[PDB]
Amino acid sequence: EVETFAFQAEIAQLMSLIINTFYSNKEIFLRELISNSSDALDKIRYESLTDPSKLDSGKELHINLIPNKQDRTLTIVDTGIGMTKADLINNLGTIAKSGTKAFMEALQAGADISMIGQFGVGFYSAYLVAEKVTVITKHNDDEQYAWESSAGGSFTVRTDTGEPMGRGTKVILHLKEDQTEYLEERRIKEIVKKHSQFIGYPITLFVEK
Ligand SMILES: Cc1cc(-c2ccc3c4c(cccc24)COC3)nc(N)n1
């Protein structure tokens, strides 16, 4: 059973600005997704101090980068706190706690897209390189869900079965045809070293089979 939702207007406008603005420095999407993973990892690490059973779904706190040239996908996996169904819909479909409004105003007052992370909307930079994004998430308090969007004002949410994660989030980027450089090992290594060298969790770049 697939549920379809409309993005809150300001979120649809933000995605459209990301998709339509001529902006060449697209590589920043990776540090923005890695930053979200690091924050989710900080949250599970903190909660598990006072409740060690929150780690029964997995003790390892890490980030995995999975390129796949055959599928034309780049996946960012973490074992962070994850999102419940309600967190998934609110965080991704609405302004929520974000600085969506300030970011859009900032862009008219001289800011540039690389500054997206200052406004709690870095996830949307995924749309600089991806035609479609699939988000698989498992929080300790809920079942596993798949969120999906190719923009155009809507997104879907369904339960996800058959490949259960213990806990965390998987951001699957179905890359645009001209954005395949982001599947190259030396390109990924270069971006991680340039923008994510200070992340306090291991970042493993998977090798293709
Ligand atoms: C628990 C969690 C949440 C997020 C996340 C995804 C997408 C959006 C987020 C926002 C705020 C906080 C976290 C996220 C707002 O923009 C979308 N990412 C990861 N990796 N993990």
# chains A, B, ... in the order shown; residues from 1 in each chain; ligands from 1

$ residues_near_ligand --ligand "ligand 1" --cutoff "6 Å" --atoms "only C-alpha atoms and all ligand atoms" --output "list in words"
residues 36, 37, 40, 81, 82, 83, 91, 92, 120, 121, 123 and 169 of chain A

$ residues_around --residues "residue A:19" --least-positions-apart "4" --cutoff "9 Å" --atoms "only C-alpha atoms" --output "VMD selection string"
chain A and resid 14 to 15 125 127 to 129 151

$ write_last_selection --atoms "N, CA and C atoms" --output "CSV table (one decimal), in the first residue's frame"
chain,number,residue,atom,x,y,z
A,14,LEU,N,11.7,25.1,-2.9
A,14,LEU,CA,13.1,24.8,-2.6
A,14,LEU,C,13.7,23.8,-3.5
A,15,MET,N,13.0,22.7,-3.7
A,15,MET,CA,13.5,21.6,-4.6
A,15,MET,C,13.6,22.1,-6.0
A,125,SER,N,20.0,19.0,-1.4
A,125,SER,CA,21.1,19.2,-2.4
A,125,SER,C,21.3,17.9,-3.1
A,127,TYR,N,19.2,16.6,-4.9
A,127,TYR,CA,18.5,16.9,-6.2
A,127,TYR,C,19.4,17.7,-7.2
A,128,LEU,N,20.6,18.0,-6.8
A,128,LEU,CA,21.6,18.7,-7.7
A,128,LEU,C,22.2,17.6,-8.6
A,129,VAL,N,22.2,16.3,-8.1
A,129,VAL,CA,22.8,15.2,-8.8
A,129,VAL,C,21.8,14.0,-9.2
A,151,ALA,N,10.8,14.6,-7.3
A,151,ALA,CA,10.3,16.0,-7.2
A,151,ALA,C,8.9,16.2,-7.9

$ residues_around --residues "residue A:54" --least-positions-apart "6" --cutoff "9 Å" --atoms "only C-alpha atoms" --output "number ranges by chain"
A: 44, 47-48, 140

$ write_last_selection --atoms "N, CA and C atoms" --output "PDB file, in the first residue's frame"
ATOM      1  N   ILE A  44      21.702   8.800  18.264  1.00  0.00           N
ATOM      2  CA  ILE A  44      21.650   7.425  18.786  1.00  0.00           C
ATOM      3  C   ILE A  44      22.745   7.191  19.846  1.00  0.00           C
ATOM      4  N   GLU A  47      21.386   8.958  23.119  1.00  0.00           N
ATOM      5  CA  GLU A  47      20.250   8.225  23.692  1.00  0.00           C
ATOM      6  C   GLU A  47      20.700   6.902  24.326  1.00  0.00           C
ATOM      7  N   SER A  48      21.650   6.203  23.679  1.00  0.00           N
ATOM      8  CA  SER A  48      22.175   4.935  24.177  1.00  0.00           C
ATOM      9  C   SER A  48      23.015   5.038  25.466  1.00  0.00           C
ATOM     10  N   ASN A 140      14.143   2.676  16.094  1.00  0.00           N
ATOM     11  CA  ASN A 140      13.799   1.618  17.061  1.00  0.00           C
ATOM     12  C   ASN A 140      12.306   1.532  17.399  1.00  0.00           C
TER      13      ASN A 140
END

$ closest_residue --among "A:101, A:205, A:159, A:73" --to "residue A:187" --atoms "only C-alpha atoms"
A:205

$ closest_residue --among "A:131, A:3, A:32, A:42" --to "residue A:114" --atoms "only C-alpha atoms"
A:32

$ residues_around --residues "residue A:152" --least-positions-apart "4" --cutoff "10 Å" --atoms "only C-alpha atoms" --output "JSON, numbers by chain"
{"A": [6, 7, 12, 13, 15, 16]}

$ select_by_dssp --residues "stretch 88-205 of chain A" --states "strand (DSSP E or B)" --output "MDAnalysis selection string"
chainID A and resid 130:138 145:149 154:159 168:175 203:205

$ write_last_selection --atoms "N, CA and C atoms" --output "mmCIF file, in the first residue's frame"
data_model
loop_
_atom_site.group_PDB
_atom_site.id
_atom_site.type_symbol
_atom_site.label_atom_id
_atom_site.label_comp_id
_atom_site.auth_asym_id
_atom_site.auth_seq_id
_atom_site.Cartn_x
_atom_site.Cartn_y
_atom_site.Cartn_z
ATOM 1 N N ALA A 130 20.691 13.934 -8.440
ATOM 2 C CA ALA A 130 19.748 12.833 -8.542
ATOM 3 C C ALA A 130 18.446 13.221 -9.181
ATOM 4 N N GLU A 131 17.955 12.367 -10.100
ATOM 5 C CA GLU A 131 16.647 12.585 -10.714
ATOM 6 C C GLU A 131 15.565 12.040 -9.760
ATOM 7 N N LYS A 132 15.935 11.041 -8.952
ATOM 8 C CA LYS A 132 15.053 10.412 -7.987
ATOM 9 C C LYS A 132 15.880 10.081 -6.752
ATOM 10 N N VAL A 133 15.274 10.225 -5.587
ATOM 11 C CA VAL A 133 15.893 9.904 -4.309
ATOM 12 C C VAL A 133 14.961 8.954 -3.577
ATOM 13 N N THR A 134 15.508 7.858 -3.046
ATOM 14 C CA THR A 134 14.766 6.903 -2.219
ATOM 15 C C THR A 134 15.431 6.915 -0.856
ATOM 16 N N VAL A 135 14.636 7.073 0.208
ATOM 17 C CA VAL A 135 15.115 7.107 1.588
ATOM 18 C C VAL A 135 14.507 5.899 2.334
ATOM 19 N N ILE A 136 15.368 4.954 2.764
ATOM 20 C CA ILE A 136 14.964 3.770 3.515
ATOM 21 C C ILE A 136 15.385 4.057 4.948
ATOM 22 N N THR A 137 14.462 3.921 5.891
ATOM 23 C CA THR A 137 14.761 4.285 7.262
ATOM 24 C C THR A 137 14.086 3.348 8.255
ATOM 25 N N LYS A 138 14.796 3.090 9.348
ATOM 26 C CA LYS A 138 14.364 2.256 10.460
ATOM 27 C C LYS A 138 14.774 2.923 11.795
ATOM 28 N N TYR A 145 10.505 1.910 6.621
ATOM 29 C CA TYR A 145 9.790 2.645 5.589
ATOM 30 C C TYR A 145 10.680 3.103 4.448
ATOM 31 N N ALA A 146 10.086 3.224 3.264
ATOM 32 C CA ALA A 146 10.720 3.745 2.059
ATOM 33 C C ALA A 146 9.953 5.011 1.643
ATOM 34 N N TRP A 147 10.655 6.153 1.629
ATOM 35 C CA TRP A 147 10.172 7.449 1.158
ATOM 36 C C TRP A 147 10.786 7.574 -0.224
ATOM 37 N N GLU A 148 10.065 8.184 -1.177
ATOM 38 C CA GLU A 148 10.612 8.325 -2.532
ATOM 39 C C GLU A 148 10.083 9.564 -3.224
ATOM 40 N N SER A 149 10.938 10.243 -3.999
ATOM 41 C CA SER A 149 10.512 11.422 -4.740
ATOM 42 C C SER A 149 11.411 11.739 -5.921
ATOM 43 N N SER A 154 5.429 16.037 -5.341
ATOM 44 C CA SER A 154 4.945 14.948 -4.505
ATOM 45 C C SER A 154 6.014 13.932 -4.090
ATOM 46 N N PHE A 155 5.657 13.112 -3.116
ATOM 47 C CA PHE A 155 6.488 12.029 -2.633
ATOM 48 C C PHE A 155 5.608 10.882 -2.168
ATOM 49 N N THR A 156 6.200 9.684 -2.102
ATOM 50 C CA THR A 156 5.472 8.520 -1.618
ATOM 51 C C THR A 156 6.113 7.938 -0.382
ATOM 52 N N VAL A 157 5.311 7.231 0.409
ATOM 53 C CA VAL A 157 5.782 6.513 1.584
ATOM 54 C C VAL A 157 5.071 5.151 1.568
ATOM 55 N N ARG A 158 5.846 4.101 1.762
ATOM 56 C CA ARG A 158 5.349 2.744 1.847
ATOM 57 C C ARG A 158 6.158 2.008 2.900
ATOM 58 N N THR A 159 5.628 0.878 3.399
ATOM 59 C CA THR A 159 6.417 0.058 4.317
ATOM 60 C C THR A 159 7.478 -0.634 3.432
ATOM 61 N N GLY A 168 18.723 2.863 11.265
ATOM 62 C CA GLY A 168 19.431 3.887 10.517
ATOM 63 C C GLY A 168 18.708 4.372 9.291
ATOM 64 N N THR A 169 19.454 5.026 8.389
ATOM 65 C CA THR A 169 18.907 5.597 7.161
ATOM 66 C C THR A 169 19.809 5.310 5.974
ATOM 67 N N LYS A 170 19.184 5.013 4.833
ATOM 68 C CA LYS A 170 19.850 4.758 3.560
ATOM 69 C C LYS A 170 19.291 5.761 2.586
ATOM 70 N N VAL A 171 20.138 6.645 2.080
ATOM 71 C CA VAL A 171 19.714 7.639 1.084
ATOM 72 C C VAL A 171 20.232 7.127 -0.273
ATOM 73 N N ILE A 172 19.312 6.721 -1.172
ATOM 74 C CA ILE A 172 19.658 6.191 -2.497
ATOM 75 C C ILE A 172 19.482 7.270 -3.532
ATOM 76 N N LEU A 173 20.581 7.648 -4.187
ATOM 77 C CA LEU A 173 20.555 8.670 -5.232
ATOM 78 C C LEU A 173 20.581 8.016 -6.605
ATOM 79 N N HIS A 174 19.464 8.119 -7.323
ATOM 80 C CA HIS A 174 19.320 7.631 -8.690
ATOM 81 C C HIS A 174 19.821 8.811 -9.519
ATOM 82 N N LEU A 175 21.103 8.754 -9.839
ATOM 83 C CA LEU A 175 21.828 9.839 -10.501
ATOM 84 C C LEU A 175 21.344 10.220 -11.886
ATOM 85 N N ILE A 203 33.856 6.399 7.793
ATOM 86 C CA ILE A 203 33.208 6.515 6.489
ATOM 87 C C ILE A 203 33.862 5.456 5.588
ATOM 88 N N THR A 204 33.132 4.394 5.264
ATOM 89 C CA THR A 204 33.693 3.347 4.407
ATOM 90 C C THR A 204 33.168 3.477 2.992
ATOM 91 N N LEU A 205 34.078 3.592 2.034
ATOM 92 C CA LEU A 205 33.728 3.625 0.632
ATOM 93 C C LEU A 205 33.807 2.199 0.115
#

$ closest_residue --among "A:63, A:27, A:5, A:113" --to "residue A:190" --atoms "only C-alpha atoms"
A:27
